């Protein structure tokens, strides 16, 4: 009866999260049982549709991590349907303005404050009869910052009451700033924009998260005081692992 990520935050500790682009329940449960606080299912940059995400949410919860979803789009109806299938964290892409941040917030919180239509099939099964009274505490909402526009509007985005904070896509932001889409980019202008977003989030009493393609980059983001750090995509980790096995198999 607690959001493991919110528990980290209440204890003044960051959360570390997995990131899934591969559909299916077996790896979702296996990674959830590791020392991840949360596992993010990527519904944007992946072939994962609503039918495949539903059982993955169950597998992550059984594994003992907080099931999160990076949605395809910042659409209230998509977000609310995921919340009712038992997503306890939402990362909404392309939140560029305060109004888009307000749209995310609307989807996360019960009417009349939010417009979250009531029908909590899975949350009411997990939280029991105590759910409705603490329902907002059960869910984490992060607005994705991945554009020039979002960067310029960071303070108005952070001003929105009903979001926990923001989530940086460093490669997506590098590309929108006119740089190479390097995994775990350290391009100086992107490094500077990222540091600005983290400063403004902590200045507003809000959380800041970031996507990492490696354990090494995630270690640095944790040291820099990021509150929510993802590492690393299942497909990327599996492809790298297979490449290393083949090289060792084929070595003189």
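Positions refer to the first chain, counted from 1.
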{"property": "49-57 or 33-41, whichever carries the higher mean Cα B-factor", "result": "49-57"}
{"property": "Of 198-206 and 217-225, the stretch whose C-alpha atoms average the higher B-factor in the entry", "result": "198-206"}
{"property": "Candidate residues 174, 143, 125, 82, the one whose C-alpha B factor the record puts highest", "result": "125"}
{"property": "Position of residue 170 among the chain's modelled residues by C-alpha B-factor, lowest, middle or highest third", "result": "middle"}
{"property": "Residue 114 - which third its CA temperature factor falls in, relative to the rest of the chain", "result": "highest"}
{"property": "Residue 89 - which third its CA temperature factor falls in, relative to the rest of the chain", "result": "lowest"}
{"property": "Chain-wide C-alpha B factor ranking for residue 247, given as lowest, middle or highest third", "result": "middle"}
{"property": "Third of the chain's Cα B-factor distribution that residue 230 belongs to, per the entry", "result": "lowest"}
